[PDB]
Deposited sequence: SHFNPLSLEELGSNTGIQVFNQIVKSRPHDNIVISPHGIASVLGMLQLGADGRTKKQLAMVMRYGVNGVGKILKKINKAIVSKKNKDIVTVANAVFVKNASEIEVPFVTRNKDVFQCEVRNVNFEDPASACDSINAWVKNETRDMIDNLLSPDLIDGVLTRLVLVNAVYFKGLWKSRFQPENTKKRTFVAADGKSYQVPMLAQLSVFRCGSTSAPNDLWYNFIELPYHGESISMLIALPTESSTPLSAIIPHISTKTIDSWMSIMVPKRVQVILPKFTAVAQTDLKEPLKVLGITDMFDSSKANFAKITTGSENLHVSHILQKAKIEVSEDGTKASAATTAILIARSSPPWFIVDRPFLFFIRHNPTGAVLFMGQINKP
């Protein structure tokens, strides 16, 4: 009903997926787009029927029909040039014969999710991956490539593959200066030291601390982008003897809301790895854990609203963010990101969580 609430449901679904992956891969770099996950489920809901649709609706806690206009408004508002800081999103449903597809499914997807339903020759795995990769690269300002390999495709079997790709860089409201960018020690999960280029600036930023449910403390900071609609949030443990895995469980939009009412602006020396965060993942397994099983099963899958047989083989998401310099008394506290950390990219007007990442090694 309410735009902010609707986005909250979607972002939390996306975050729950992140929480799964991160629990299974505690020491890897994981970069997900929680909102992209929400969109990808909406895309599929447009074509589902019977139990397949029922599982999706139950997990998402809403139906696309009758909320589409709201979903659409949110989606266009995230990618809008009005943001000044530009988020690039590429959504596609790759299908073996795109001509046979029902029009509403194609139409609704383009309208609501800026999703293209495109055909591909799965009978030729390699060429198939070529086309998909060529499309992602072309659709992401050439910032993202290499999503699929032939090995992920079954030439006879594969009939449907979803793709969600998100890229972002933007410009800081308060720039970092290159003269201040120095190589510094980052202590990764293995406990080894790494030499990393790090941005540094002394400036006013909203920041805080709070404890996880288990009483382990951590610090967080907000770094706004110049358009003032998007901001990065960063959290890492207060004590070096606290692993990132001890503070990230049970994180949800509520946690982010909690930070909002704790953060106050203050003068801080910020020290942050200059790096590019990028990860790809197949959403299939985590989605099953949430209770969405049919769409992945050869027999039980029911996408009668796509074609008048059909199941989802993979749902691939690739997220890529660059963190760089570019932008517009008593001793100050420091915020030094020198150990594994968590970060969000948030679209504040809608509350959409565009990025969520765990960085174990920049």
Regions of the deposited sequence not represented in the model: 1 to 2, 311 to 313, 334 to 345
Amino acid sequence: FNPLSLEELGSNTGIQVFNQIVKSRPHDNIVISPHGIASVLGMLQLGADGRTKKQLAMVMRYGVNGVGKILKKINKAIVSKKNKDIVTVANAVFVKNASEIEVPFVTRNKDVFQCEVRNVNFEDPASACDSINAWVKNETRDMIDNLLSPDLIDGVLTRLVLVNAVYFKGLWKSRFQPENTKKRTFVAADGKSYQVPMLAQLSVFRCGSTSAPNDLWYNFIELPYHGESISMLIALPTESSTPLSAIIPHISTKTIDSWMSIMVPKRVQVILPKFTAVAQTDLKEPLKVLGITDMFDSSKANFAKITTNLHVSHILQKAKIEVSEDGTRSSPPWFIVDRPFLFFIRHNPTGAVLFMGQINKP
From here on, numbers count along this sequence of modelled residues.
Between the two ranges 148 to 156 and 100 to 108, the one averaging a larger CA B factor in the entry: 148 to 156
Looking at the entry, does 80 to 88 or 209 to 217 show the higher mean C-alpha B-factor? 80 to 88
From the list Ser33, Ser299, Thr52, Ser313, select the residue with the highest C-alpha B factor recorded in the entry. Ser299
Among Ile251, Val278, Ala188, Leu283, highest Cα B-factor in the entry goes to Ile251
Classify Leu162 as lowest, middle or highest third according to the C-alpha B-factor given in the PDB entry, relative to its own chain. middle
By the entry's values, the third containing the CA B factor of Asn121 is the highest
Considering only modelled residues of the same chain, in which third does the CA B-factor of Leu4 rank: lowest, middle or highest? highest
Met43 by Cα B-factor - lowest, middle or highest third of the modelled chain: middle
Would you please rank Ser324 by its C-alpha temperature factor against the other modelled residues of its chain and give the third it falls in: lowest, middle or highest? middle
